[PDB]
Every structure is written in C-alpha cells, then in structure tokens.
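Engineer: Chains from the complex, first installment, not repositioned:
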Amino acid sequence: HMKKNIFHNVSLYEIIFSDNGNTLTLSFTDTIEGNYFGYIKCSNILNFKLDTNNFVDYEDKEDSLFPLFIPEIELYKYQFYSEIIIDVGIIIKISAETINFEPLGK
C-alpha cells in the first residue's frame, strides 16, 4: 500500500475501452496551451466507477463531463493491483491489475 499524486493540472477528455474490454485508457490535455499531454492506462480492469454526484447541471446546455479539469489524480498501489481516484465533484475510481502512464513527469 502506497499513495501518490500524479497528473497535476490536467484535463480529461476521453475514457476508452481497449484489449477486448480488459483495458481502460484515460487521455488528457494540459491546461495551458491545451495540447495533448498523455494518458493513464489501466490494464486488466477490476472495477470502474463514475458518479456525477449531482455536480453536472444537465439543465445547463453548456455543462458536460468532458473536458474534465483535474487538479491531481490519486494513485494507490497494493500488493496485486492499483487504483486511481479522481475527485472533482464528479468522482471516478478505477482498480486494475496494473496502472501505467505517460509521460512520467511534467
């Protein structure tokens, strides 16, 4: 069990299944120029939770999940799997056998 903050001040713009559903990849831009920044790859998914937590105003036309601006992403490493937690009103939790990401730092 370890904890670590990664991907400071990023913008999540997609969540994509791959490898016949076994992998989830989250892709991000930076919050300055807005260019592509990188990704978090969650391989061999254990669980995935998205809860909008009454945060998105669906009566608001201009309001939507993506792009989702994120101050930082919590990464937990256990003996046999890892978990990322995104908590920005909306909450996203993903547990997977391996979690890797690029780039390794800003």
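Structural biologist: Here it is on my side, so go on. Numbering: from 1, shown residues only, chains lettered A, B, ... in the order given.

Engineer: hang on, residue A:94 packs against residue A:24?
Structural biologist: Yes - with contact defined as C-beta atoms under 8 Å, residue A:94 reaches residue A:24; the gap is 6.0 Å. Every residue, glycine included, has its C-beta placed from N, CA and C.

Engineer: Now do residue A:51 against residue A:8, distance only.
Structural biologist: Residue A:51 sits 23 Å away from residue A:8 when distances are taken as C-beta to C-beta, to the nearest Å.

Engineer: One more: residue A:20?
Structural biologist: If you measure residue A:20 against residue A:8 using C-beta to C-beta, the figure is 32 Å.

Engineer: if you count what's nearby, which of the two comes out ahead?
Structural biologist: Here residue A:20 and residue A:8 are compared on neighbour count by other C-beta atoms under 10 Å; more neighbours surround residue A:8, at 12 against 6.

Engineer: doesn't residue A:69 make contact with that one?
Structural biologist: No - shown here, residue A:8 and residue A:69 do not form a contact pair, counting by C-beta under 8 Å, at 11.5 Å.

Engineer: For chain A, which residue occupies the most central location?
Structural biologist: Of all residues in chain A, the one closest to the mean position by C-alpha atoms, centre = their mean is residue A:26, 5.3 Å from it.

Engineer: now the sequence for chain B, which goes on the structure above:
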Amino acid sequence: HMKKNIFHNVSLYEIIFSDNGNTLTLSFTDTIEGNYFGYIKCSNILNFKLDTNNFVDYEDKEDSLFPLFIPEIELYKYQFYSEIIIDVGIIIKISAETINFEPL
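Structural biologist: Let me add chain B to what's already shown:
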C-alpha cells in the same frame, strides 16, 4: 418504478462515451452469427459501475470482458431517471436521466 427485461440473448461488444461525456452508448450483436442487433443509449449519466467480480480470468490470456454474453438486461424506469443492470457475474449498472434503446 416499472421493471422490465429487455435485450434477450445479446452480446455486448462496446461501451462508448460521447464526445462531451454526457451520453453512454452500449452496442450489441446477436449471439447467433454476430450481426448487429442494436444499442442502449444512456443520456445524462448519474452513475456507471463496472465490476468484473473475478469473472474475467486474467491469467487466461484468451479471456476478456467483450464480447459479453447477456441472457437479458433489467431496465428500471423510475419517476425521474432510469437504470439498466447487467448481471452475468460481471456486473454493469448505469443510471441516467433517460435511457432509450433500439430495437423496440
């Protein structure tokens, strides 16, 4: 509250967020020869949960979530939102303000 079983004997092959992320589309084939069957579109998502519950053997290099064979899907229509539940060991639950599907 009205509960209903839909999409009998289907195979789920993708779960896709829209560009703005407000909509989730689940796409299905039949389980006969893999021809396209239809979709369930969940608009204005409230929550989405996928738990593989140790039913995908990751030590078996051949095992994978998709295609996910489904005997039926439970559809709940509450007063102000709807929910689908897929329970095949693997569990998928999606609540959204509206849930629409084709074919009817």
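
Engineer: quick revisit: quick one: residues contacting the residue nearest to the centre of chain A.
Structural biologist: For residue A:26, the contacting residues are A:12, A:14-16, A:39-40, A:42, A:94, taking C-beta atoms under 8 Å, 6 or more residues apart in numbering or on different chains as the criterion.

Engineer: ok, now residue A:95?
Structural biologist: Residue A:95 touches A:42, A:45-48, A:81-83, counting by C-beta under 8 Å, 6+ apart.

Engineer: Tell me how far it lies from residue A:14.
Structural biologist: From residue A:95 over to residue A:14 the distance is 20 Å, taken as C-beta to C-beta.

Engineer: C-terminal to the longest strand seen in chain A, what's the next element?
Structural biologist: With DSSP state E applied, the strand covering the greatest number of residues in chain A is identified as strand A:36-51. Sequence-wise, the next helix or strand downstream of strand A:36-51 (DSSP states H and E) is strand A:68-70.

Engineer: for the helix or strand just after that next one, packing partners?
Structural biologist: Downstream of strand A:68-70, the next assigned helix or strand under DSSP H and E is strand A:73-77. Judged by 3 or more C-beta pairs under 8 Å, 6 or more residues apart in numbering or on different chains; DSSP states H and E, strand A:73-77 is in contact with strand A:2-6, strand A:82-88.
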